[PDB]
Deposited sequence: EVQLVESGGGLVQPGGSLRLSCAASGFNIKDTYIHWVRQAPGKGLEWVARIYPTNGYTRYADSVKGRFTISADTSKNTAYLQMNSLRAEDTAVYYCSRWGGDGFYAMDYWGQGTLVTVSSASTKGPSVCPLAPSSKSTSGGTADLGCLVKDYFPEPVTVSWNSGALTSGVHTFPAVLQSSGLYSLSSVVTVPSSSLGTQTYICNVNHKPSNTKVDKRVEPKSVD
């Protein structure tokens, strides 16, 4: 069974460095070229580099030259991408790939991909504030200006489940995330029932609570 397995990837800062790996099995690298291909979120595929592990001959795309280095290792059956001088626009899912063999220059096998995020934003827990409600009403919590993903939002410590809708985060031009969570509740519960949103941002080791009250 031909397989390609990638490892490494993650958040890094511009200027910084990361190393990806592509462990082959089910065939011998040496018999073919190994490639790296990458996919910026919401975009197409862009070839990045290539190596013939029999001799180490490399090729690169212009946008990466002098920045990235593809390499291989016979013994361990493994290709690497060393990525330096990283920029925001190297953010992508990075796939490794091979040609078939002989004159078969389509990519028949791909690894599962690994995500690399390049951002200058610094780790930061969110500023949370309650979204006051004006049958039913709508109330919520605005989770503002955190980095990186993710956050988890519960209501009344996980006890309040009906009417709960937590929305996907927007990534703002600033490079920070914001999101909202709303609950639909009985209008007759307002001013009486306690509603608390509990916000947990593990990357900054931060939990925040906020009580939501009518006005």
Gaps relative to the deposited sequence fall at 135 to 140, 222 to 224
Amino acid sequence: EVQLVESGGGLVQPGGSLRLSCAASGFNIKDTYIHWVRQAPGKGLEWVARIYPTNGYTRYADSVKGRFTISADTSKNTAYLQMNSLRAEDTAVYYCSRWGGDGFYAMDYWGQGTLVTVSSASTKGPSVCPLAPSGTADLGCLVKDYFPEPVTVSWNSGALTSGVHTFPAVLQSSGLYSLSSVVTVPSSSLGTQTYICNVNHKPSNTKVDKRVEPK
From here on, numbers count along this sequence of modelled residues.
On mean C-alpha B-factor from the PDB entry, just flag whether 172 to 180 or 58 to 66 is the higher one. 58 to 66
Residue range whose averaged C-alpha B-factor is higher in the record, 16 to 24 or 189 to 197: 16 to 24
So among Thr152, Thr32, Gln39, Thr161, who wins on Cα B-factor in the entry? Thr32
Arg50: CA B-factor among chain residues, third -> middle
Entry-reported C-alpha B-factor of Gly125 relative to its chain, by third, is lowest
So where's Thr74 on the chain's Cα temperature factor ranking, which third? highest
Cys141 - which third its CA temperature factor falls in, relative to the rest of the chain: middle
Ranking every modelled residue in this chain by its Cα temperature factor as given in the entry, which third contains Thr91? lowest
